[PDB]
Structure formats: C-alpha cells, structure tokens
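Raw contents of entry-v5.pdb, PDB, C-alpha atoms:
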```
ATOM      1  CA  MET A  16      85.391 127.976  79.242  1.00  0.00           C
ATOM      2  CA  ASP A  17      81.701 128.844  78.590  1.00  0.00           C
ATOM      3  CA  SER A  18      80.996 125.376  77.076  1.00  0.00           C
ATOM      4  CA  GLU A  19      83.671 123.587  75.230  1.00  0.00           C
ATOM      5  CA  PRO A  20      83.077 119.803  75.337  1.00  0.00           C
ATOM      6  CA  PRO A  21      86.678 118.694  73.935  1.00  0.00           C
ATOM      7  CA  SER A  22      89.281 120.239  76.334  1.00  0.00           C
ATOM      8  CA  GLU A  23      89.717 117.369  78.809  1.00  0.00           C
ATOM      9  CA  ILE A  24      93.311 116.633  77.749  1.00  0.00           C
ATOM     10  CA  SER A  25      94.337 120.273  78.565  1.00  0.00           C
ATOM     11  CA  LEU A  26      92.432 120.202  81.924  1.00  0.00           C
ATOM     12  CA  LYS A  27      94.472 117.152  83.069  1.00  0.00           C
ATOM     13  CA  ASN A  28      97.648 119.110  82.350  1.00  0.00           C
ATOM     14  CA  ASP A  29      96.298 122.261  84.080  1.00  0.00           C
ATOM     15  CA  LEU A  30      94.979 120.235  87.080  1.00  0.00           C
ATOM     16  CA  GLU A  31      98.513 119.567  88.449  1.00  0.00           C
ATOM     17  CA  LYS A  32     101.195 121.947  87.572  1.00  0.00           C
ATOM     18  CA  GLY A  33     102.761 123.022  90.809  1.00  0.00           C
ATOM     19  CA  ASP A  34     100.743 126.229  90.729  1.00  0.00           C
ATOM     20  CA  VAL A  35      97.675 126.316  92.916  1.00  0.00           C
ATOM     21  CA  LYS A  36      95.847 128.870  90.755  1.00  0.00           C
ATOM     22  CA  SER A  37      96.113 126.651  87.695  1.00  0.00           C
ATOM     23  CA  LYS A  38      94.745 123.654  89.617  1.00  0.00           C
ATOM     24  CA  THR A  39      91.820 125.729  90.905  1.00  0.00           C
ATOM     25  CA  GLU A  40      91.138 127.028  87.425  1.00  0.00           C
ATOM     26  CA  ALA A  41      91.268 123.578  86.008  1.00  0.00           C
ATOM     27  CA  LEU A  42      88.898 122.003  88.476  1.00  0.00           C
ATOM     28  CA  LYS A  43      86.604 125.111  87.807  1.00  0.00           C
ATOM     29  CA  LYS A  44      86.729 124.473  84.102  1.00  0.00           C
ATOM     30  CA  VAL A  45      85.647 120.829  84.762  1.00  0.00           C
ATOM     31  CA  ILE A  46      82.669 122.131  86.819  1.00  0.00           C
ATOM     32  CA  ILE A  47      81.450 124.513  84.168  1.00  0.00           C
ATOM     33  CA  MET A  48      81.682 121.780  81.362  1.00  0.00           C
ATOM     34  CA  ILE A  49      79.723 119.211  83.547  1.00  0.00           C
ATOM     35  CA  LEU A  50      77.061 121.690  84.508  1.00  0.00           C
ATOM     36  CA  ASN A  51      76.338 122.381  80.905  1.00  0.00           C
ATOM     37  CA  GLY A  52      76.601 118.605  80.494  1.00  0.00           C
ATOM     38  CA  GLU A  53      79.918 117.601  78.880  1.00  0.00           C
ATOM     39  CA  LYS A  54      82.838 115.098  79.299  1.00  0.00           C
ATOM     40  CA  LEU A  55      84.622 114.753  82.719  1.00  0.00           C
ATOM     41  CA  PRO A  56      85.822 111.243  84.088  1.00  0.00           C
ATOM     42  CA  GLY A  57      89.345 111.298  82.224  1.00  0.00           C
ATOM     43  CA  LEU A  58      90.730 113.684  84.682  1.00  0.00           C
ATOM     44  CA  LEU A  59      89.724 112.001  87.955  1.00  0.00           C
ATOM     45  CA  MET A  60      93.123 110.877  89.494  1.00  0.00           C
ATOM     46  CA  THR A  61      94.659 114.227  88.775  1.00  0.00           C
ATOM     47  CA  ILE A  62      91.771 116.159  90.172  1.00  0.00           C
ATOM     48  CA  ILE A  63      91.705 114.144  93.472  1.00  0.00           C
ATOM     49  CA  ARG A  64      95.476 114.053  94.206  1.00  0.00           C
ATOM     50  CA  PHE A  65      96.475 117.691  95.287  1.00  0.00           C
ATOM     51  CA  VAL A  66      93.433 118.705  97.351  1.00  0.00           C
ATOM     52  CA  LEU A  67      92.468 115.682  99.604  1.00  0.00           C
ATOM     53  CA  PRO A  68      93.547 116.370 103.319  1.00  0.00           C
ATOM     54  CA  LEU A  69      94.163 120.115 103.317  1.00  0.00           C
ATOM     55  CA  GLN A  70      92.457 122.708 105.356  1.00  0.00           C
ATOM     56  CA  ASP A  71      93.185 125.171 102.434  1.00  0.00           C
ATOM     57  CA  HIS A  72      89.535 125.845 101.713  1.00  0.00           C
ATOM     58  CA  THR A  73      89.404 126.966  97.996  1.00  0.00           C
ATOM     59  CA  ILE A  74      90.537 123.722  96.315  1.00  0.00           C
ATOM     60  CA  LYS A  75      88.733 121.703  98.949  1.00  0.00           C
ATOM     61  CA  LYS A  76      85.570 123.837  98.301  1.00  0.00           C
ATOM     62  CA  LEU A  77      86.029 123.212  94.580  1.00  0.00           C
ATOM     63  CA  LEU A  78      86.333 119.504  95.029  1.00  0.00           C
ATOM     64  CA  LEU A  79      83.402 119.553  97.498  1.00  0.00           C
ATOM     65  CA  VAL A  80      81.432 121.331  94.644  1.00  0.00           C
ATOM     66  CA  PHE A  81      82.097 118.562  92.184  1.00  0.00           C
ATOM     67  CA  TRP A  82      80.688 116.034  94.706  1.00  0.00           C
ATOM     68  CA  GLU A  83      77.004 116.829  94.401  1.00  0.00           C
ATOM     69  CA  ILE A  84      76.572 117.032  90.686  1.00  0.00           C
ATOM     70  CA  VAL A  85      78.394 113.997  89.186  1.00  0.00           C
ATOM     71  CA  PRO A  86      80.300 111.966  92.001  1.00  0.00           C
ATOM     72  CA  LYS A  87      78.594 108.738  91.128  1.00  0.00           C
ATOM     73  CA  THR A  88      79.432 108.868  87.353  1.00  0.00           C
ATOM     74  CA  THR A  89      83.179 109.665  87.499  1.00  0.00           C
ATOM     75  CA  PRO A  90      85.245 106.591  88.683  1.00  0.00           C
ATOM     76  CA  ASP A  91      88.934 106.768  87.340  1.00  0.00           C
ATOM     77  CA  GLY A  92      90.397 108.264  90.489  1.00  0.00           C
ATOM     78  CA  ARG A  93      87.560 107.286  92.858  1.00  0.00           C
ATOM     79  CA  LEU A  94      86.202 103.830  92.003  1.00  0.00           C
ATOM     80  CA  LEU A  95      83.621 102.380  94.544  1.00  0.00           C
ATOM     81  CA  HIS A  96      84.182 102.189  98.278  1.00  0.00           C
ATOM     82  CA  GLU A  97      82.589 103.206 101.498  1.00  0.00           C
ATOM     83  CA  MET A  98      85.215 105.846 102.276  1.00  0.00           C
ATOM     84  CA  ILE A  99      85.661 106.986  98.641  1.00  0.00           C
ATOM     85  CA  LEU A 100      88.016 109.835  97.446  1.00  0.00           C
ATOM     86  CA  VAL A 101      84.922 112.042  98.126  1.00  0.00           C
ATOM     87  CA  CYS A 102      85.246 111.337 101.816  1.00  0.00           C
ATOM     88  CA  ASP A 103      88.116 109.512 103.523  1.00  0.00           C
ATOM     89  CA  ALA A 104      90.341 112.615 104.090  1.00  0.00           C
ATOM     90  CA  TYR A 105      87.297 114.779 104.225  1.00  0.00           C
ATOM     91  CA  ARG A 106      86.824 113.460 107.680  1.00  0.00           C
TER      92      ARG A 106
ATOM     93  CA  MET B  18     112.654 113.084  91.762  1.00  0.00           C
ATOM     94  CA  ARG B  19     109.086 112.059  92.699  1.00  0.00           C
ATOM     95  CA  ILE B  20     108.708 109.323  95.344  1.00  0.00           C
ATOM     96  CA  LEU B  21     105.638 107.494  96.711  1.00  0.00           C
ATOM     97  CA  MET B  22     106.135 105.876 100.104  1.00  0.00           C
ATOM     98  CA  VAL B  23     103.484 103.453 101.255  1.00  0.00           C
ATOM     99  CA  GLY B  24     103.122 100.311 103.306  1.00  0.00           C
ATOM    100  CA  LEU B  25     100.717  98.981 105.913  1.00  0.00           C
ATOM    101  CA  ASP B  26      99.849 101.066 108.957  1.00  0.00           C
ATOM    102  CA  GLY B  27     102.590 101.151 111.589  1.00  0.00           C
ATOM    103  CA  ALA B  28     105.353 100.064 109.236  1.00  0.00           C
ATOM    104  CA  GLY B  29     107.232 103.264 110.017  1.00  0.00           C
ATOM    105  CA  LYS B  30     106.585 105.439 106.941  1.00  0.00           C
ATOM    106  CA  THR B  31     106.248 108.819 108.721  1.00  0.00           C
ATOM    107  CA  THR B  32     109.046 108.044 111.158  1.00  0.00           C
ATOM    108  CA  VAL B  33     111.246 107.434 108.081  1.00  0.00           C
ATOM    109  CA  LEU B  34     110.152 110.641 106.373  1.00  0.00           C
ATOM    110  CA  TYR B  35     110.728 112.975 109.317  1.00  0.00           C
ATOM    111  CA  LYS B  36     113.983 111.268 110.274  1.00  0.00           C
ATOM    112  CA  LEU B  37     115.087 112.111 106.729  1.00  0.00           C
ATOM    113  CA  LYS B  38     113.723 115.677 106.773  1.00  0.00           C
ATOM    114  CA  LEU B  39     114.450 116.707 110.385  1.00  0.00           C
ATOM    115  CA  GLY B  40     117.193 114.302 111.467  1.00  0.00           C
ATOM    116  CA  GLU B  41     114.723 113.826 114.290  1.00  0.00           C
ATOM    117  CA  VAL B  42     112.654 110.890 115.568  1.00  0.00           C
ATOM    118  CA  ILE B  43     109.198 112.341 116.049  1.00  0.00           C
ATOM    119  CA  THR B  44     106.212 111.033 117.956  1.00  0.00           C
ATOM    120  CA  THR B  45     103.853 109.950 115.196  1.00  0.00           C
ATOM    121  CA  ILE B  46     100.105 109.716 115.033  1.00  0.00           C
ATOM    122  CA  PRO B  47      98.478 107.395 112.512  1.00  0.00           C
ATOM    123  CA  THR B  48      98.416 109.288 109.244  1.00  0.00           C
ATOM    124  CA  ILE B  49      94.850 109.763 108.005  1.00  0.00           C
ATOM    125  CA  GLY B  50      95.921 111.316 104.815  1.00  0.00           C
ATOM    126  CA  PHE B  51      99.386 111.994 103.521  1.00  0.00           C
ATOM    127  CA  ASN B  52     102.497 113.900 104.510  1.00  0.00           C
ATOM    128  CA  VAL B  53     104.441 115.389 101.653  1.00  0.00           C
ATOM    129  CA  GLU B  54     107.956 116.684 102.094  1.00  0.00           C
ATOM    130  CA  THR B  55     111.060 117.551 100.114  1.00  0.00           C
ATOM    131  CA  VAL B  56     114.404 116.085 101.101  1.00  0.00           C
ATOM    132  CA  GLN B  57     117.855 116.927  99.762  1.00  0.00           C
ATOM    133  CA  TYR B  58     120.331 114.132  99.203  1.00  0.00           C
ATOM    134  CA  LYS B  59     123.482 114.571  97.114  1.00  0.00           C
ATOM    135  CA  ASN B  60     122.088 117.152  94.644  1.00  0.00           C
ATOM    136  CA  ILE B  61     118.721 115.365  94.271  1.00  0.00           C
ATOM    137  CA  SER B  62     115.542 116.867  95.721  1.00  0.00           C
ATOM    138  CA  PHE B  63     113.205 113.948  96.519  1.00  0.00           C
ATOM    139  CA  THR B  64     109.579 114.839  96.895  1.00  0.00           C
ATOM    140  CA  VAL B  65     108.225 112.135  99.166  1.00  0.00           C
ATOM    141  CA  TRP B  66     104.549 111.397  99.496  1.00  0.00           C
ATOM    142  CA  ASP B  67     104.009 109.383 102.683  1.00  0.00           C
ATOM    143  CA  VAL B  68     100.492 108.035 102.389  1.00  0.00           C
ATOM    144  CA  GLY B  69      98.779 106.527 105.400  1.00  0.00           C
ATOM    145  CA  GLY B  70      98.462 102.773 105.523  1.00  0.00           C
ATOM    146  CA  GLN B  71      95.223 102.147 107.418  1.00  0.00           C
ATOM    147  CA  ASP B  72      92.399 100.652 105.334  1.00  0.00           C
ATOM    148  CA  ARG B  73      90.377 103.754 104.444  1.00  0.00           C
ATOM    149  CA  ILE B  74      93.511 105.512 103.229  1.00  0.00           C
ATOM    150  CA  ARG B  75      94.951 102.398 101.596  1.00  0.00           C
ATOM    151  CA  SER B  76      91.926 102.571  99.295  1.00  0.00           C
ATOM    152  CA  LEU B  77      93.178 106.038  98.221  1.00  0.00           C
ATOM    153  CA  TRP B  78      96.825 105.441  97.197  1.00  0.00           C
ATOM    154  CA  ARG B  79      95.910 105.068  93.500  1.00  0.00           C
ATOM    155  CA  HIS B  80      95.507 108.865  93.262  1.00  0.00           C
ATOM    156  CA  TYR B  81      99.152 109.247  94.118  1.00  0.00           C
ATOM    157  CA  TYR B  82     100.415 106.678  91.606  1.00  0.00           C
ATOM    158  CA  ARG B  83     100.584 108.952  88.574  1.00  0.00           C
ATOM    159  CA  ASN B  84     103.929 110.708  87.957  1.00  0.00           C
ATOM    160  CA  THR B  85     105.751 108.520  90.476  1.00  0.00           C
ATOM    161  CA  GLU B  86     109.367 107.862  89.541  1.00  0.00           C
ATOM    162  CA  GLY B  87     110.033 105.618  92.537  1.00  0.00           C
ATOM    163  CA  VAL B  88     108.128 103.704  95.178  1.00  0.00           C
ATOM    164  CA  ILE B  89     109.296 103.114  98.751  1.00  0.00           C
ATOM    165  CA  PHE B  90     107.443 100.196 100.269  1.00  0.00           C
ATOM    166  CA  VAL B  91     107.921 100.044 103.998  1.00  0.00           C
ATOM    167  CA  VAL B  92     107.448  96.768 105.856  1.00  0.00           C
ATOM    168  CA  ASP B  93     107.421  96.136 109.590  1.00  0.00           C
ATOM    169  CA  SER B  94     109.957  93.268 109.803  1.00  0.00           C
ATOM    170  CA  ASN B  95     108.722  92.318 113.250  1.00  0.00           C
ATOM    171  CA  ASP B  96     105.091  91.663 112.211  1.00  0.00           C
ATOM    172  CA  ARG B  97     104.778  88.181 110.741  1.00  0.00           C
ATOM    173  CA  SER B  98     101.024  88.016 110.691  1.00  0.00           C
ATOM    174  CA  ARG B  99     100.696  90.882 108.288  1.00  0.00           C
ATOM    175  CA  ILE B 100     103.507  89.958 105.855  1.00  0.00           C
ATOM    176  CA  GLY B 101     101.152  88.063 103.544  1.00  0.00           C
ATOM    177  CA  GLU B 102      98.860  91.078 103.491  1.00  0.00           C
ATOM    178  CA  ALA B 103     101.768  93.275 102.600  1.00  0.00           C
ATOM    179  CA  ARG B 104     102.646  90.814  99.824  1.00  0.00           C
ATOM    180  CA  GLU B 105      99.054  91.030  98.496  1.00  0.00           C
ATOM    181  CA  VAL B 106      98.961  94.843  98.527  1.00  0.00           C
ATOM    182  CA  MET B 107     102.327  95.125  96.856  1.00  0.00           C
ATOM    183  CA  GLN B 108     101.670  92.549  94.131  1.00  0.00           C
ATOM    184  CA  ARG B 109      98.643  94.299  92.663  1.00  0.00           C
ATOM    185  CA  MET B 110     100.470  97.598  93.093  1.00  0.00           C
ATOM    186  CA  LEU B 111     103.054  96.104  90.757  1.00  0.00           C
ATOM    187  CA  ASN B 112     100.203  95.572  88.279  1.00  0.00           C
ATOM    188  CA  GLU B 113      99.286  99.275  88.186  1.00  0.00           C
ATOM    189  CA  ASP B 114      99.871 100.935  84.836  1.00  0.00           C
ATOM    190  CA  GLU B 115     100.836 104.311  86.351  1.00  0.00           C
ATOM    191  CA  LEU B 116     103.456 102.529  88.460  1.00  0.00           C
ATOM    192  CA  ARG B 117     104.724 100.587  85.403  1.00  0.00           C
ATOM    193  CA  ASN B 118     108.294 101.882  85.180  1.00  0.00           C
ATOM    194  CA  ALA B 119     108.775 103.237  88.746  1.00  0.00           C
ATOM    195  CA  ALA B 120     111.834 102.092  90.718  1.00  0.00           C
ATOM    196  CA  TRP B 121     110.838  99.695  93.503  1.00  0.00           C
ATOM    197  CA  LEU B 122     112.566 100.048  96.832  1.00  0.00           C
ATOM    198  CA  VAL B 123     111.530  97.884  99.761  1.00  0.00           C
ATOM    199  CA  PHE B 124     112.498  98.941 103.259  1.00  0.00           C
ATOM    200  CA  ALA B 125     112.478  96.040 105.693  1.00  0.00           C
ATOM    201  CA  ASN B 126     112.151  98.199 108.770  1.00  0.00           C
ATOM    202  CA  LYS B 127     112.343  97.961 112.588  1.00  0.00           C
ATOM    203  CA  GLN B 128     115.379  95.801 111.898  1.00  0.00           C
ATOM    204  CA  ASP B 129     116.366  96.906 115.407  1.00  0.00           C
ATOM    205  CA  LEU B 130     113.878  94.518 117.027  1.00  0.00           C
ATOM    206  CA  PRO B 131     115.283  91.151 118.213  1.00  0.00           C
ATOM    207  CA  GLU B 132     112.915  88.932 116.213  1.00  0.00           C
ATOM    208  CA  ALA B 133     112.738  91.129 113.093  1.00  0.00           C
ATOM    209  CA  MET B 134     112.645  88.981 109.959  1.00  0.00           C
ATOM    210  CA  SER B 135     115.806  89.407 107.881  1.00  0.00           C
ATOM    211  CA  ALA B 136     115.735  91.272 104.576  1.00  0.00           C
ATOM    212  CA  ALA B 137     116.347  87.933 102.789  1.00  0.00           C
ATOM    213  CA  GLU B 138     113.363  86.329 104.532  1.00  0.00           C
ATOM    214  CA  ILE B 139     111.230  89.352 103.631  1.00  0.00           C
ATOM    215  CA  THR B 140     112.448  89.169 100.039  1.00  0.00           C
ATOM    216  CA  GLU B 141     111.170  85.613  99.831  1.00  0.00           C
ATOM    217  CA  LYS B 142     107.848  86.382 101.471  1.00  0.00           C
ATOM    218  CA  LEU B 143     107.139  89.492  99.316  1.00  0.00           C
ATOM    219  CA  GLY B 144     108.060  87.665  96.109  1.00  0.00           C
ATOM    220  CA  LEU B 145     110.647  90.300  95.091  1.00  0.00           C
ATOM    221  CA  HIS B 146     112.793  87.904  93.020  1.00  0.00           C
ATOM    222  CA  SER B 147     109.895  87.542  90.560  1.00  0.00           C
ATOM    223  CA  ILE B 148     110.009  91.199  89.410  1.00  0.00           C
ATOM    224  CA  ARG B 149     111.707  91.230  85.989  1.00  0.00           C
ATOM    225  CA  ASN B 150     110.036  94.293  84.427  1.00  0.00           C
ATOM    226  CA  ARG B 151     111.706  97.078  86.446  1.00  0.00           C
ATOM    227  CA  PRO B 152     114.388  97.960  89.058  1.00  0.00           C
ATOM    228  CA  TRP B 153     113.977  96.660  92.609  1.00  0.00           C
ATOM    229  CA  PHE B 154     116.101  96.652  95.736  1.00  0.00           C
ATOM    230  CA  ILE B 155     115.599  95.605  99.304  1.00  0.00           C
ATOM    231  CA  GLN B 156     117.274  97.425 102.165  1.00  0.00           C
ATOM    232  CA  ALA B 157     117.300  96.662 105.845  1.00  0.00           C
ATOM    233  CA  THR B 158     116.470  99.822 107.731  1.00  0.00           C
ATOM    234  CA  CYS B 159     115.947 101.234 111.157  1.00  0.00           C
ATOM    235  CA  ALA B 160     114.154 104.514 110.857  1.00  0.00           C
ATOM    236  CA  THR B 161     114.824 105.527 114.458  1.00  0.00           C
ATOM    237  CA  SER B 162     118.612 105.107 114.170  1.00  0.00           C
ATOM    238  CA  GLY B 163     118.569 106.177 110.540  1.00  0.00           C
ATOM    239  CA  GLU B 164     120.243 102.922 109.449  1.00  0.00           C
ATOM    240  CA  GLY B 165     119.779 102.064 105.772  1.00  0.00           C
ATOM    241  CA  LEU B 166     117.805 105.210 104.999  1.00  0.00           C
ATOM    242  CA  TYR B 167     120.444 106.998 102.958  1.00  0.00           C
ATOM    243  CA  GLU B 168     121.552 103.697 101.368  1.00  0.00           C
ATOM    244  CA  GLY B 169     117.957 103.745 100.134  1.00  0.00           C
ATOM    245  CA  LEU B 170     118.119 107.307  98.857  1.00  0.00           C
ATOM    246  CA  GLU B 171     121.355 106.317  97.175  1.00  0.00           C
ATOM    247  CA  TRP B 172     119.939 103.311  95.394  1.00  0.00           C
ATOM    248  CA  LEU B 173     116.871 105.294  94.364  1.00  0.00           C
ATOM    249  CA  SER B 174     118.901 108.143  92.863  1.00  0.00           C
ATOM    250  CA  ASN B 175     120.639 105.587  90.612  1.00  0.00           C
ATOM    251  CA  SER B 176     117.365 104.565  88.932  1.00  0.00           C
TER     252      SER B 176
END
```
Would you mind writing the structure in this file as structure tokens?
Amino acid sequence: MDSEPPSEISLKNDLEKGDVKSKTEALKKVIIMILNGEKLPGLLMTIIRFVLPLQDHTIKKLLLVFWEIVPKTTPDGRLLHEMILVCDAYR
Amino acid sequence: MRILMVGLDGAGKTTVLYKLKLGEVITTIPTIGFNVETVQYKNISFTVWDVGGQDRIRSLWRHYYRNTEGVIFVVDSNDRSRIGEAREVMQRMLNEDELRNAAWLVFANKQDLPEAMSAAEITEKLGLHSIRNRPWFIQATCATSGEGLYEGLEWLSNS
C-alpha cells in the first residue's frame, strides 16, 4: 500500500484476524498511509488491543513506531490520560 | 465465545481464570496488563480476557470491549468501601456501544469470607435490577473453592 488514502475499513478487518502476520501487515499499512499523510484514527481500538503487554517484539515495535509520528492525533482507542495506551503496559 | 473479565483490583479475576484453566489456585501478582486464556466447558471454548483492575490498566479496558460476547464483572464481596466505585465503573461500562449487546455476568466473589455481602445485597448496590436492555445474572462465587464458577460458565453459554 504505496499510498492509498481510502482503505481504513479493510485495515480494521486485517488488524485482528487471529493471524499475527495479518495484524503486523495491517499496522504496517497504517504507518505507510500516515507517513505519506492519510487517514488513520478509525482503527485505533483494534490496533491497540492485540499488542499491548507482550514481549513479542515485532508487533510491539510496530506499535512503538506509530507512537512518534501521530500519537497525539489518534484518540478512538487511546483517548487522553497520563498512562495512555501508548504507555501503561509498555512499562 | 469471547469473554471480557474485569473488576477492581483484588476482586479475584486472575484467581478465577486460572482456577478455571488449571483447576489450581495460583499465587497471583497484580495484573499490569491482561491474561488471556481459553477454557473448555461443555463444548464451548471461552476465550477469557482477564484485564487488570488497578487504575492505570482500568483506563485501558475500552480496547478490549470490541467483539465481546459476554462480560464477567468480578466484585470482592468483602470490600464495602469500594462497592460504590465498582458500581460507578460498571454503570458507564453499560453505556459503552461496543458492549451494547454483551451478556452481563456479575460474580460476587470471596463469598467464603464471614462478612462477605450477599449476592442480593450486591445486586442492590450495583443497580443490576435496572438493566433492561440485555441479559444479566448475578452469581455468588468462591474462586478458591471453585464454587459458582461453572454455574457462571453455564449461564453465559445460554446467552
């Protein structure tokens, strides 16, 4: 997904699927559309839900990636708190 | 079947989960995070998300709401100071659109303790009678003995 700004409905579906690869790919697809500068908050609860505690680095690294380029803007699955869904289980 | 089990810290959520999964009473630590496990009961495989109840984590439950078929809300029946707080958490949880049709099962837990509030008392304090929009049930439990646990899984499976 080079740059496709309407694809956020499919990404939500792909983000949790019971297959780790699909989830990684989805979250990756979100990153590439934001970096170009395209739509991203719809997904947030889905994105945040699988990855949170785990020591399994790749999804964690992917989520960690998305928190330095848009964390502030996206708020469906995060909202505003001191120990946000950016860092609460990332302790 | 997808299940979300929450409640305030120390209610007994992880004790419940691992009693169900291992038939064992484990020595818990506060859960900073979740535990997720699959349990077989009578041809149903329940995937239970036990999400820690301390404040930081409490702020995160909303990410586990979506796709939830049923909600186990664990209450420490012996703690009277925090029952109002439980009531407050649970009431706005009931207002959550992703939790809209999910089956609501309250566990009044630590029923084994001498001064534990009764399930009826808890039902009045949590305002359970006022839920008309979906299925609810309250069950007295003791997670250490295992009492009431499977009666819960039973009720849940009949959603």
Taking every listed atom of range 48-67 of chain B and adding 4 Å to each side, what centre and edge lengths in Å (one decimal) does the axis-aligned box have, as AutoDock Vina command-line options?
```
--center_x 109.2 --center_y 113.4 --center_z 101.8 --size_x 36.6 --size_y 16.3 --size_z 23.0
```
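CA of residue 157 in chain B is found 14.0 Å from CA of residue 143 in chain B.
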If we count only C-alpha atoms and set the cut-off at 6 Å, which residues sit around range 59-69 of chain A, ignoring sequence neighbours fewer than 4 positions away in its own chain? Please answer as a count of residues only. 7
Using all atoms listed in the file, which chain B residues lie at most 10 Å away from chain A, written as a JSON list (two decimals) with C-alpha atoms, keeping the file's coordinate frame?
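Just written: selection-v4.json:
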```json
[["chain", "number", "residue", "atom", "x", "y", "z"],
["B", 49, "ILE", "CA", 94.85, 109.76, 108.00],
["B", 50, "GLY", "CA", 95.92, 111.32, 104.82],
["B", 51, "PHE", "CA", 99.39, 111.99, 103.52],
["B", 52, "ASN", "CA", 102.50, 113.90, 104.51],
["B", 72, "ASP", "CA", 92.40, 100.65, 105.33],
["B", 73, "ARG", "CA", 90.38, 103.75, 104.44],
["B", 74, "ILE", "CA", 93.51, 105.51, 103.23],
["B", 76, "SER", "CA", 91.93, 102.57, 99.30],
["B", 77, "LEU", "CA", 93.18, 106.04, 98.22],
["B", 78, "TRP", "CA", 96.82, 105.44, 97.20],
["B", 79, "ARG", "CA", 95.91, 105.07, 93.50],
["B", 80, "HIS", "CA", 95.51, 108.86, 93.26],
["B", 81, "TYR", "CA", 99.15, 109.25, 94.12],
["B", 82, "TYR", "CA", 100.42, 106.68, 91.61],
["B", 83, "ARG", "CA", 100.58, 108.95, 88.57],
["B", 84, "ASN", "CA", 103.93, 110.71, 87.96]]
```
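Taken over the shown file, the PyMOL selection byres ((chain A and resi 50) around 10) identifies residues 18, 45, 46, 47, 48, 49, 51, 52, 53, 81, 84 and 85 of chain A.
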In Å, rounded to a single decimal, give me how far CA of residue 24 in chain B is from CA of residue 70 in chain B. 5.7 Å
Residue neighbourhood residue 55 in chain B, 10 Å, all atoms listed in the file, exclusion window fewer than 4 positions, as an NGL selection string: :B and (18-20 or 34 or 37-38 or 61-66)
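What separates CA of residue 30 in chain A from CA of residue 58 in chain A is a distance of 8.2 Å.
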Give as number ranges by chain every residue, naming chains and numbers as the document does, that has an atom within 12 Å of (119.9, 108.3, 108.5), counting only C-alpha atoms. B: 32-42, 58, 158-171
Quick one: apply the PyMOL selection byres ((chain B and resi 142) around 12) to the file and drop the selected residues here as a VMD selection string. chain B and resid 92 94 97 to 105 107 to 108 125 134 to 141 143 to 147
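Using all atoms listed in the file, the residues found no farther than 12 Å from residue 73 in chain A, other than those of its own chain fewer than 2 positions away, are residues 35, 36, 38, 39, 40, 42, 43, 65, 66, 67, 69, 70, 71, 75, 76, 77, 78, 79 and 80 of chain A.
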As a PDB file, keeping the file's coordinate frame, could you write out range 33-46 of chain A once it has been completed with N, CA, C and O atoms?
```pdb
ATOM      1  N   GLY A  33     101.916 122.460  89.828  1.00  0.00           N
ATOM      2  CA  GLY A  33     102.761 123.022  90.809  1.00  0.00           C
ATOM      3  C   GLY A  33     102.382 124.442  91.128  1.00  0.00           C
ATOM      4  O   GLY A  33     103.127 125.120  91.784  1.00  0.00           O
ATOM      5  N   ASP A  34     101.252 124.916  90.566  1.00  0.00           N
ATOM      6  CA  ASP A  34     100.743 126.229  90.729  1.00  0.00           C
ATOM      7  C   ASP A  34      99.278 126.081  90.943  1.00  0.00           C
ATOM      8  O   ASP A  34      98.530 125.530  90.143  1.00  0.00           O
ATOM      9  N   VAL A  35      98.958 126.537  92.180  1.00  0.00           N
ATOM     10  CA  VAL A  35      97.675 126.316  92.916  1.00  0.00           C
ATOM     11  C   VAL A  35      96.516 126.897  92.215  1.00  0.00           C
ATOM     12  O   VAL A  35      95.452 126.327  92.243  1.00  0.00           O
ATOM     13  N   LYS A  36      96.780 128.059  91.489  1.00  0.00           N
ATOM     14  CA  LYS A  36      95.847 128.870  90.755  1.00  0.00           C
ATOM     15  C   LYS A  36      95.391 128.110  89.615  1.00  0.00           C
ATOM     16  O   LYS A  36      94.187 128.090  89.377  1.00  0.00           O
ATOM     17  N   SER A  37      96.322 127.425  88.924  1.00  0.00           N
ATOM     18  CA  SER A  37      96.113 126.651  87.695  1.00  0.00           C
ATOM     19  C   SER A  37      95.237 125.469  87.918  1.00  0.00           C
ATOM     20  O   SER A  37      94.435 125.137  87.030  1.00  0.00           O
ATOM     21  N   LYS A  38      95.431 124.811  89.090  1.00  0.00           N
ATOM     22  CA  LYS A  38      94.745 123.654  89.617  1.00  0.00           C
ATOM     23  C   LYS A  38      93.295 123.999  89.928  1.00  0.00           C
ATOM     24  O   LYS A  38      92.347 123.275  89.534  1.00  0.00           O
ATOM     25  N   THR A  39      93.122 125.185  90.583  1.00  0.00           N
ATOM     26  CA  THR A  39      91.820 125.729  90.905  1.00  0.00           C
ATOM     27  C   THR A  39      91.093 126.038  89.637  1.00  0.00           C
ATOM     28  O   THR A  39      89.945 125.666  89.532  1.00  0.00           O
ATOM     29  N   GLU A  40      91.749 126.697  88.675  1.00  0.00           N
ATOM     30  CA  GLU A  40      91.138 127.028  87.425  1.00  0.00           C
ATOM     31  C   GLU A  40      90.752 125.827  86.675  1.00  0.00           C
ATOM     32  O   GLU A  40      89.732 125.833  86.016  1.00  0.00           O
ATOM     33  N   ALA A  41      91.584 124.743  86.743  1.00  0.00           N
ATOM     34  CA  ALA A  41      91.268 123.578  86.008  1.00  0.00           C
ATOM     35  C   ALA A  41      90.053 122.899  86.432  1.00  0.00           C
ATOM     36  O   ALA A  41      89.149 122.596  85.663  1.00  0.00           O
ATOM     37  N   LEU A  42      89.962 122.699  87.760  1.00  0.00           N
ATOM     38  CA  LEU A  42      88.898 122.003  88.476  1.00  0.00           C
ATOM     39  C   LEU A  42      87.629 122.752  88.199  1.00  0.00           C
ATOM     40  O   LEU A  42      86.562 122.237  87.868  1.00  0.00           O
ATOM     41  N   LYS A  43      87.644 124.115  88.154  1.00  0.00           N
ATOM     42  CA  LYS A  43      86.604 125.111  87.807  1.00  0.00           C
ATOM     43  C   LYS A  43      86.132 124.941  86.423  1.00  0.00           C
ATOM     44  O   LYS A  43      84.892 124.839  86.322  1.00  0.00           O
ATOM     45  N   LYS A  44      87.037 124.757  85.461  1.00  0.00           N
ATOM     46  CA  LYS A  44      86.729 124.473  84.102  1.00  0.00           C
ATOM     47  C   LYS A  44      85.985 123.128  83.960  1.00  0.00           C
ATOM     48  O   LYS A  44      84.980 123.126  83.244  1.00  0.00           O
ATOM     49  N   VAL A  45      86.395 122.099  84.742  1.00  0.00           N
ATOM     50  CA  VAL A  45      85.647 120.829  84.762  1.00  0.00           C
ATOM     51  C   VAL A  45      84.196 121.020  85.161  1.00  0.00           C
ATOM     52  O   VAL A  45      83.253 120.582  84.489  1.00  0.00           O
ATOM     53  N   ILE A  46      84.017 121.850  86.267  1.00  0.00           N
ATOM     54  CA  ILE A  46      82.669 122.131  86.819  1.00  0.00           C
ATOM     55  C   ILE A  46      81.782 122.768  85.825  1.00  0.00           C
ATOM     56  O   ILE A  46      80.692 122.348  85.590  1.00  0.00           O
TER      57      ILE A  46
END
```
